[PDB]
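*Asks:* my sequence and its experimental structure, below.
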Amino acid sequence: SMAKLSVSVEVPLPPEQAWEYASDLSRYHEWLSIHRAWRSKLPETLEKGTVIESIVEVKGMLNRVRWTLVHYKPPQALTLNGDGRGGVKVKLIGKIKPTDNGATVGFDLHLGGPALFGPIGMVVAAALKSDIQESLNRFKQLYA
């Protein structure tokens, strides 16, 4: 078990559209502020077990992360495990749910591994809360 942060946005989009945009990895660089590089070729189709590598920046720190799709259920849920260099271990639970006026796109992000159990974890957690929320706001601005 690990501590976690939670972020969400409501978009004026039906869930199937919100899913299409949220899983369009080729456009993450237009709204995900922490993304810095892809380090493996992006697949045409995602599936449970898909593995992708990227480099992210959080509060000025770079980290190369291997992402594994451990749950994949369009158009409503995905879970991604991340193993970063230096002892970073994260789990990203994504959920897309229909609402009255569109759909919510929210994430629970568990932050762990030795690196984030240590004193830097609350720095990283606070920075990620802001960065991911701002990114979701950009997602909404770009796609809706």
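*Replies:* Structure's in. What do you need? Numbering: from 1, shown residues only.

*Asks:* alpha carbons only for contacts and neighbour counts from here, please
*Replies:* Noted.

*Asks:* ranges for the strands of the chain?
*Replies:* Along the chain, the stretches classed as strands by DSSP state E are 4-11, 35-38, 51-58, 61-73, 77-84, 88-99, 102-112.

*Asks:* closest to residue 130 out of those?
*Replies:* Across the strands of the chain, residue 130 has its closest neighbour in strand 4-11 (9.0 Å, CA to CA).

*Asks:* before we move on, back to that, I'd like the strands of the chain as TSV, with mean neighbour count and distance to residue 125 appended.
*Replies:* Formatted as TSV, these follow (neighbours: other CA atoms under 10 Å; distance: least, CA to CA, whole Å):
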stretch	mean neighbour count	distance to residue 125
strand 4-11	17	7
strand 35-38	15	16
strand 51-58	17	9
strand 61-73	17	13
strand 77-84	20	15
strand 88-99	20	11
strand 102-112	21	7
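
*Asks:* hey, which helix is longest across the protein?
*Replies:* Longest helix of the chain, by residue count under DSSP state H: helix 121-143.

*Asks:* what's the angle between that one and strand 61-73?
*Replies:* Taking axes from the mean of the first three to the mean of the last three CA atoms, to 10 degrees, one finds that helix 121-143 is oriented at 60 degrees with respect to strand 61-73.

*Asks:* now what about helix 121-143, what contacts it?
*Replies:* Taking contacts as CA atoms under 8 Å, 6 or more residues apart in numbering, the residues outside helix 121-143 that touch it are 5-11, 21, 31-34, 58-59, 111-112, 115-116.

*Asks:* and the strands of the chain as TSV, adding distance to residue 26?
*Replies:* Supplementary listing: those in TSV, determined by distance: least, CA to CA, whole Å:
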stretch	distance to residue 26
strand 4-11	20
strand 35-38	10
strand 51-58	12
strand 61-73	15
strand 77-84	17
strand 88-99	18
strand 102-112	18
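
*Asks:* pull the contacting residues for the residue nearest to the spatial centre of the chain.
*Replies:* Nearest to the geometric centre of the chain sits residue 92, at 6.0 Å (CA atoms, centre = their mean). Remark: with contacts taken as CA under 8 Å, 6+ apart, residue 92 is in contact with 79, 80, 81, 82, 107, 108, 109, 110.
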